[PDB]
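The block underneath contains the structure these notes are about, expressed in structure tokens.
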Amino acid sequence: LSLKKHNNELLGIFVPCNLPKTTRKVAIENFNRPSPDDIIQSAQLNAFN
Amino acid sequence: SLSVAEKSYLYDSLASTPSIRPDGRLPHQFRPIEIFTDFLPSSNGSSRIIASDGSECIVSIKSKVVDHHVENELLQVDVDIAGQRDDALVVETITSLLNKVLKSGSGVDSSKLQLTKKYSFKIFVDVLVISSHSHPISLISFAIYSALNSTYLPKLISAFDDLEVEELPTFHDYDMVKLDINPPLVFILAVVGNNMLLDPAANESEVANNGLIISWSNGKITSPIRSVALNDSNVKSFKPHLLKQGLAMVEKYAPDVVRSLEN
Amino acid sequence: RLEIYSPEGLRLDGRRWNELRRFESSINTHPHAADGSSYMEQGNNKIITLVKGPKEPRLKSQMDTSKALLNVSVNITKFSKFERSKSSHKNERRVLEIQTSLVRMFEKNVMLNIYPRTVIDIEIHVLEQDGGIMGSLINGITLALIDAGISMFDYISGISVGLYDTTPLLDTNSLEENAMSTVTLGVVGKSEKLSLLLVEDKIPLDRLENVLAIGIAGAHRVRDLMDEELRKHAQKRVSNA
Amino acid sequence: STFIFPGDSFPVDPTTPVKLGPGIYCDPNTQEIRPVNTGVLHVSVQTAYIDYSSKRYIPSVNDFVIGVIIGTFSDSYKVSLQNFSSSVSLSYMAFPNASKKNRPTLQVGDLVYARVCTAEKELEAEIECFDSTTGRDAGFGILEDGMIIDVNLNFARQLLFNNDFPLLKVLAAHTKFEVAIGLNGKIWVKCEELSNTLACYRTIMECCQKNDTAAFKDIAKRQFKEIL
Amino acid sequence: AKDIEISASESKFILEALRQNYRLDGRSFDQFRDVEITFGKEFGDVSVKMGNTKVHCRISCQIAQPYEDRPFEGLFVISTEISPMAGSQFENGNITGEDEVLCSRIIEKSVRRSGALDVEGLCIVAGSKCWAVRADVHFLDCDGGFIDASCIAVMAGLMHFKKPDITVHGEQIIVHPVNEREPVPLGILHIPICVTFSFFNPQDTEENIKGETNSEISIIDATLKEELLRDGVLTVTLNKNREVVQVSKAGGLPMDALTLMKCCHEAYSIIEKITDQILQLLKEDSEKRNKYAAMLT
Amino acid sequence: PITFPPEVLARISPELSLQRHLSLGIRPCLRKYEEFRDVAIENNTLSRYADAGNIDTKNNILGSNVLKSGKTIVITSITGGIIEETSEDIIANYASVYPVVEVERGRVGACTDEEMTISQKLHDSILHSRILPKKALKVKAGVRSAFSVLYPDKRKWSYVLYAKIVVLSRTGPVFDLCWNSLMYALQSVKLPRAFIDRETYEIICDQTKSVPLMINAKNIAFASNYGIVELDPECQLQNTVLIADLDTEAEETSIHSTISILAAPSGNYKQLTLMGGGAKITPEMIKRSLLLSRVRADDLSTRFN
Amino acid sequence: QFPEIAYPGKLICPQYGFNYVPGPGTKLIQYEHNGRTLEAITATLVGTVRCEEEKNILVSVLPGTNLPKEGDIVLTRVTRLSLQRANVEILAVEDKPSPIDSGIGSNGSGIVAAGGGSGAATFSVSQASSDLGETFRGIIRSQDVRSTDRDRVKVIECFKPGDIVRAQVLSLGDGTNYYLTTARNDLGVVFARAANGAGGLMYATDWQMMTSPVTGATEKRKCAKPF
Amino acid sequence: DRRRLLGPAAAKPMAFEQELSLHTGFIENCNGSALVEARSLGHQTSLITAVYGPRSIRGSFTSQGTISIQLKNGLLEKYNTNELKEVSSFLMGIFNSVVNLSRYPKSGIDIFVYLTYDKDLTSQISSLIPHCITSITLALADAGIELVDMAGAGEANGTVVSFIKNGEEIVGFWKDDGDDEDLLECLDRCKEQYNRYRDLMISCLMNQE
Amino acid sequence: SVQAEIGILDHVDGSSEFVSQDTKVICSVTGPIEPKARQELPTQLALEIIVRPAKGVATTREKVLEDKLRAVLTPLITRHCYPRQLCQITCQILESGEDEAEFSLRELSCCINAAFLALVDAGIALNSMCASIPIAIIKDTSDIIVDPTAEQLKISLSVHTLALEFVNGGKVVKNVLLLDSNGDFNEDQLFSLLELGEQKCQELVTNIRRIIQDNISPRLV
């Protein structure tokens with residue numbers, strides 16, 4: 001029962017134990033913005049219809 | 001190695017009513033061969049078979065005197081195929097089948113190998129395949145059949161009953177006795193759709209659905225019977241009435257093959 | 001206790017001290033199995049030689065960008081003697097030594113540098129064996145290589161000489177090889193230069209030059225016989241075709 | 001100045017920043033500075049390193065090396081710096097005044113004098129046949145004829161960088177010669193006559209077998225008298 | 001990599017030095033290297049040094065059963081397995097390669113087939129019990145000439161070995177401890193020694209095969225650098241009774257027969273000196289042991 | 001959220017998985033820190049003397065054992081031979097058994113390092129434990145005369161013992177399981193009686209009569225293993241620990257400090273292996289391991305028949 | 001009506017009823033019943049039957065109530081880098097370990113590769129497929145790292161040896177390697193360590209940056225998007 | 001032997017209808033497994049089979065999968081290498097007709113069978129073939145490999161016949177010794193055994209989910 | 001005492017030779033070099049270890065010795081400094097110094113010491129220093145003997161091998177690399193044996209430091 005209530009942390013991606021909420025929020029905010037490929041693909045639409 | 005289009009064309013030709021073979025042969029017709037015998041003076045018997053496509057086999061027969069109470073089997077076959085390992089699966093399968101077809105009670109008359117109430121001759125069969133392009137079971141069988149019918153053995157001249165008083169066996173220094181044992185023959189068949197084929201070629205084996213191995217001895221079908229896969233990309237199941245057809249075909253056309261190997 | 005060399009100058013089989021055994025050879029005996037082939041009969045010896053190549057290598061590891069790779073395989077059957085052999089000879093050290101010696105002999109003679117990125121394979125089958133088998137192997141390889149149309153500098157001929165007390169005997173058989181020491185030679189063309197020299201038993205130091213000279217003359221005669229056979233076959237081939 | 005062993009205390013104040021040289025390791029887990037080699041520790045903006053004995057070369061940027069061409073590819077050569085080591089690469093555009101029409105003409109088996117330009121840990125090292133830092137071309141290229149001598153790394157460093165090492169001066173007092181020194185453990189020499197080159201080869205081998213630099217002159221005199 | 005790379009300059013330099021009668025290490029064309037032999041504390045423990053080549057040998061024995069075919073003889077075997085200790089160009093387990101097979105066959109023909117050891121003296125009870133003798137050769141450092149060093153080491157170790165004294169007590173046998181009944185040596189019938197020659201072509205192949213002059217070059221006991229550039233090789237074994245034990249020239253550069261006979265005649269002067277040196281060293285070791293045992297009384 | 005199954009996580013990042021599991025008080029094998037696996041055995045069911053009234057005549061097996069621990073199965077069988085013997089607590093008076101070990105992992109070929117090392121260590125530990133005296137393998141041969149055999153209530157002979165061990169469904173190190181299975185199989189061996197009819201004397205084994213094998217029953221020991229891990233502060237979920245009976249992929253890949261013990265119920269020890277390639281090993285952990293191994297051996301000794 | 005559960009050899013439906021098309025886990029087989037030819041879709045797996053419209057209908061059998069192929073998602077480990085490509089080894093195919101047994105402990109003590117022990121020289125080549133612990137291999141070309149600016153990609157600024165990377169299969173390739181791509185926002189590095197595998201784990205901070213928690217050092221990667 | 005401990009060289013070896021139970025999936029480090037155990041009046045047999053794959057293969061590109069079958073003794077070494085290899089070849093011929101090999105390009109499948117137990121409670125390898133076929137079918141179904149049909153077999157007087165498609169097709173035929181004129185009776189008896197084995201196999205697959 | 005020599009072979013990177021009573025071992029080291037494709041490790045150095053006996057051919061007895069040597073040597077080397085490279089280590093036993101049919105601990109200790117000396121001579125990065133001794137417990141007297149002779153091994157009750165790790169000038173014990181005990185013993189005997197072995201190992205490592213400094217210093221300027 002310990003494993004069932006402790007999922008999404010026992011089997012997740014690595015996040016450091018003592019991470020301040022500010023740093024976590026900054027990390028989350030970066031990935032909510034376009035990736036380098038997204039910007040280039042956005043502009044190429046006008047060229048190749 | 002064949003392409004998809006070639007295989008489709010060949011299968012459409014072979015699985016038709018009536019069947020069409022690539023060289024125009026009949027379903028029961030064999031290909032020409034050449035036979036030579038008695039060309040290794042140091043052996044008791046020998047033969048060489050050359051097929052029309054380059055396949056070649058050489059057989060040697062040698063003997064030894066043994067105590068037939070300790071020794072259980074008086075016929076032993078050893079097979080060597082050029083380009084294959086000594087422990088290859090096909091080599092050992094052929095060795096096992098050929099030792100089974102020449103066992104003690106199979107139609108082979110082993111009473112002709114007995115000298116003295118205690119001793120007997122043991123026969124060694126050595127097979128060397130120089131070149132081959134398909135399953136060489138029937139070629140080796142034909143070569144063994146040819147070699148065994150031209151074998152001569154030393155003649156005993158020193159007593160026969162030695163249960164109480166035993167003397168070393170002694171043989172005449174010039175004379176020999178022809179061996180008149182009864183050797184069997186092994187046939188291989190191919191299944192292509194609803195047809196049965198005798199003596200299949202290399203390209204016909206690449207499209208066959210299955211195959212059969214049938215033994216023959218002095219007018220009757222003999223025990224060793226197997227189903228064999230002649231390829232790995234087209235093997236499928238077959239209906240039971242094709243087995244009976246193959247047995248009848250071998251029974252009908254075996255005597256003609258016997259007359260072709262005479263002398 | 002036998003008369004190896006009688007006071008009348010005769011050996012056990014009726015030959016004299018400087019006579020070769022019967023020598024018969026055939027060329028192009030297996031057209032469907034190899035590019036070059038030969039069948040050699042020297043006394044009671046029987047050998048089949050096949051030459052495959054030049055051709056694409058099987059593996060990308062055995063590829064050379066400057067010359068061809070040469071391989072030799074020798075198979076000695078279980079029925080080649082009077083007594084049947086108990087086990088196989090495929091992986092014996094003696095057979096590996098023979099194969100290495102043949103490869104190193106023929107590396108210097110074949111122009112391997114004009115066939116880069118290829119492989120040449122030699123397969124040999126010995127059916128009957130009655131003494132002096134190494135020279136027969138050399139002669140068969142030479143004939144099969146020439147039959148395949150592969151460039152070389154000259155012929156190589158094999159021969160065996162036995163020394164019986166003070167008497168040299170040429171081209172010995174199994175009976176003589178079990179009663180005296182022997183020497184095997186490989187001679188290039190019509191010269192005095194040796195490609196192979198093999199002595200396996202004891203021989204006095206002051207008795208080797210005479211044996212070498214006798215063997216060299218015998219090998220020259222062997223080369224003459226091989227050349228005559230090759231010319232006759234070529235004449236027959238070109239006369240009609 | 002002092003002899004040190006792996007696992008010993010490092011005698012440097014932790015406050016002062018010191019740049020680390022060969023033989024000194026910074027632990028990636030504890031961030032601790034410790035020595036890993038045996039030898040003499042030299043401390044000079046100050047730099048510390050350990051001088052230790054070695055024979056197997058490891059590429060490092062700005063080193064002068066001598067290599068052998070072992071293979072030609074579509075755009076570069078394959079070069080060996082030592083037997084049984086991983087090979088390095090020399091680019092066709094790494095020659096002076098190089099262009100797609102002015103191709104190099106080196107073959108498999110040639111000797112080359114070059115400089116290490118790239119030594120990334122995750123990649124294969126690269127060499128060039130001209131000093132790109134300064135634009136100078138001082139002796140880089142093919143070495144024709146001559147003979148090659150194998151030595152250890154400390155000896156090669158002493159020959160290349162120390163001007164008080166007396167071997168070249170004592171050799172110049174017997175003959176005129178050309179020389180190239182590689183830090184991978186190679187020395188190339190050439191004279192006008194083969195006997196002089198042979199005497200130089202023997203002298204260099206014998207001097208490297210020894211450790212005393214005061215016996216070089218006697219060795220050279222004896223070797224050059226031997227060849228008559 | 002496992003490949004030893006040689007540049008064109010080195011090959012050209014060495015061949016041109018051979019054209020002017022020069023060797024890199026200062027020897028003449030017919031000069032053999034100096035041999036050092038050292039004996040260990042136990043019997044059959046020998047170290048052999050030839051310039052920079054180092055070889056170690058060990059002899060041992062134990063009780064076994066004779067073969068059914070030959071019930072009057074003991075057993076003798078020789079093992080030579082090479083390791084990367086002698087050089088990184090050698091594989092760990094490789095007994096099928098060309099050079100290893102050739103070396104093993106040459107040593108076997110020189111020592112075991114020639115009957116240098118008396119195997120009929122190894123029989124204890126005819127048909128049931130005998131001695132089995134082993135020779136183990138360890139290769140420590142390679143600068144050429146393993147065959148000659150191995151032959152010398154094996155022969156010296158065989159001539160240095162002693163085996164425990166035994167007695168037959170009815171059906172079984174008793175093996176006495178060494179501190180009781182003075183172990184005994186083996187019987188040696190002759191002492192064979194091998195010599196190796198190397199051949200170089202200063203011209204092309206056409207001159208070697210069709211030319212009239214014979215300008216080939218022969219040297220004795222090549223080093224590692226020299227034997228990586230040779231075109232042929234010859235090994236001959238001889239004893240002091242002027243007997244040719246074996247000759248091996250397995251292909252390579254074709255050579256005129258008179259030159260080969262000259263090589264065979266040059267080897268004898270070397271083997272005589274080597275035999276005398278071995279005998280003197282063995283005598284000195286025996287005297288040293290006897291003197292120490294007397295002083296320890 | 002992005003999540004991986006436990007097997008995938010153990011395959012791609014075993015150290016992180018082990019650190020995450022330990023901070024919760026559990027193990028990736030789902031046990032407590034000092035908890036062992038349960039053991040069930042089945043003795044002497046494949047031997048020719050398995051049925052006391054009906055003796056198999058085509059069977060040459062003298063002793064047997066089948067062991068189950070978790071998901072791993074071990075099968076052990078023992079056979080025999082006879083050799084003619086021509087020519088205290090010291091080790092010169094003791095014998096051993098010759099084992100051959102097969103671990104089924106999907107490979108065809110020769111033996112691996114694991115099998116060879118396990119076989120050699122089994123042989124050596126049997127020899128060092130003073131379990132099998134040499135006088136316990138001496139043959140008291142009889143004679144058959146006109147036909148009946150008379151036993152004594154010239155030449156000499158000794159017994160030779162061989163073992164074959166097959167491991168199925170391996171999940172971790174298996175030396176302890178093999179040793180314990182072989183210990184169970186040795187206490188059930190029966191030696192057949194032998195009689196006799198350049199000389200040729202042939203010794204023949206009796207078809208149904210046998211005698212038991214006499215071993216030092218106070219020298220029998222049982223095996224266990226332990227591991228030591230150092231905790232990583234940055235990997236703990238929302239100092240060193242001691243772990244018993246290592247199992248599963250994550251533990252075998254990440255732990256490099258281990259302890260192995262052979263302990264006898266009498267109170268002494270027969271084997272001890274310390275290998276510190278990871279965290280530091282202190283005397284307290286050694287003492288704790290010794291106590292735990294004593295308890296485990298006491299449990300394993302008095303558990304069956 | 002269609003069956004609910006299936007086993008190998010179980011007939012499902014005829015070709016018409018709508019034209020039925022066999023999907024994964026099914027096959028089309030000729031049958032002869034009562035002297036007349038019959039066509040049917042036959043299950044090849046144990047599982048449940050589901051049909052989706054793609055008229056043409058696709059019939060599939062899904063296990064429950066492998067081998068990599070084009071379009072699959074895999075987890076890999078980087079082995080080698082060069083200027084043109086990256087070499088990886090495949091560890092899991094769609095959240096299932098491949099192979100089941102990795103061979104840990106087969107070579108004894110220490111840290112050894114799968115083929116670095118004594119058993120690698122005695123493997124029977126002609127009697128099996130591959131040796132214990134062998135895996136599928138793949139190649140990522142520099143032009144496949146991303147979809148844009150695929151001519152200025154620096155490989156060592158994207159991956160390092162020892163990293164865990166999520167990729168997608170493009171082609172079966174030759175007999176040695178598959179061909180893989182990471183040109184999507186959810187593909188890239190998921191696990192990495194500082195100091196080229198000698199340090200501790202790092203955590204993703206931006207699309208092209210990772211950070212070490214113990215010491216605030218940063219390195220460049222091509223980070224796969226978390227959450 | 002340098003890799004095994006075989007003991008002293010001079011030692012000599014000592015010289016002195018059917019009810020089934022089927023279970024699958026009990027071996028951890030493989031892909032699929034099965035246990036077959038059969039008992040009657042005068043015989044008793046136990047078998048274990050394991051499947052490894054699909055896995056990588058050495059060589060050049062192949063468009064379809066490859067199958068390898070290995071037979072091993074157990075406890076008692078009652079058979080030699082040649083007959084075991086012949087039976088393996090026969091089984092490989094059978095199972096090349098039922099596996100959908102076109103689904104697994106450039107990969108291999110390895111199958112291991114262990115002959116654990118075989119006792120006579122009251123011509124010997126032929127009667128063991130049907131149980132091997134049943135075990136291999138069960139393990140292949142457990143591992144998730146695609147099969148076009150469930151293959152079974154029967155034995156009658158030295159003849160072994162393997163069926164698919166409710167006994168209307170033949171995938172394998174074996175005959176040693178026996179009567180020459182007895183062919184129809186053998187087919188009927190083998191089919192009668194095959195139907196029962198097929199029922200039991202389907203029940204085992206359906207129940208143990 | 002012990003005798004050790006450094007740098008005696010010509011075609012390897014490093015070599016040594018260790019003698020202790022009647023036990024003699026010679027070792028060589030070559031690396032870092034290019035490995036085979038199947039030995040390669042992505043991030044660290046790989047090892048290849050070979051041990052050869054004094055008589056006969058190598059068997060499974062030498063495999064255990066190779067395994068223990070690999071266990072001891074792996075934590076000593078700074079393996080992460082040489083990614084995907086190889087180091088070859090070969091040990092040849094010249095004289096066993098004991099009865100090989102029963103005991104193998106003296107050979108193990110001598111091999112450990114010789115391999116450490118060869119690694120120092122080659123120039124491989126090392127974390128610390130090492131030393132190894134054999135120990136035995138004799139019957140009747142129940143005395144603990146450090147460095148037993150061959151006669152004392154024949155009347156022993158248990159035999160032990162201890163290898164330790166030293167830092168900070170050879171005065172601080174960092175870890176226990178290997179302890180291998182076989183026989184019959186209790187806890188008090190074990191904890192007395194460890195205490196004696198630590199002092200003996202400290203003396204040995206001091207002696208080894210002196211030998212290394214004597215040999216290496218003339219090669220530098």
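Basis for what follows: all heavy atoms, side chains included, without hydrogens, waters or symmetry-related copies. Reminder, nothing fancy here: chain letters follow the sequence lines and each chain counts from 1.
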Using a 4.5 angstrom heavy-atom cutoff, name the option from E/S79, E/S83, E/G87 with the most pairs to chain I.
E/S83
Contact class of E/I59 relative to chain I, heavy atoms under 4.5 angstrom:
neither
Where on E/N92 is there a heavy atom nearer than 4.5 Å to chain I: the side chain, the backbone, both, or neither?
both
Determine all donor-acceptor pairs shorter than 3.5 Å in which one atom belongs to a side chain in residues 140-150 of chain E; sequence neighbours excluded.
residue, atom, partner, partner atom, Å
E/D141, OD1, I/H11, ND1, 2.7
E/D141, OD2, E/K54, NZ, 3.0
E/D141, OD2, I/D10, N, 3.1
E/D148, OD1, E/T196, OG1, 3.4
E/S150, OG, E/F146, O, 2.6

So for [X], is it side chain, backbone, both, or neither that comes closer than 4.5 Å to the heavy atoms of chain E?
X: I/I50; result: side chain
X: I/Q88; result: side chain
X: I/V57; result: both
X: I/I26; result: both

Between the side chains of [Y] and [X], is the shortest nitrogen-to-carboxylate-oxygen separation below 4.0 Å, so that they form an ion pair?
X: I/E17; Y: I/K24; answer: yes
X: E/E226; Y: E/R23; answer: yes
X: E/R289; Y: E/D285; answer: yes
X: I/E95; Y: E/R58; answer: yes
X: I/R61; Y: I/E107; answer: yes

Applying side chain to side chain contact (heavy atoms under 4.5 Å, CB included), can you list everything that pairs with I/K139, at least two apart in sequence or on another chain?
F/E88, F/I90, I/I155, I/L157
With a 4.5 Å heavy-atom cut-off (strictly below), which parts of residues 122-132 of chain I touch chain E? List them by number.
none
Just say parallel, tilted or perpendicular for the rings of E/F39 and E/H160, cut-offs at 30° and 60°.
parallel
Check: residues 211-221 of chain I side-chain donor-acceptor pairs under 3.5 Å, at least two apart:
residue, atom, partner, partner atom, Å
I/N215, ND2, I/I211, O, 3.2
I/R219, NH1, I/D121, OD1, 3.2
I/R219, NH2, I/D121, OD1, 3.2

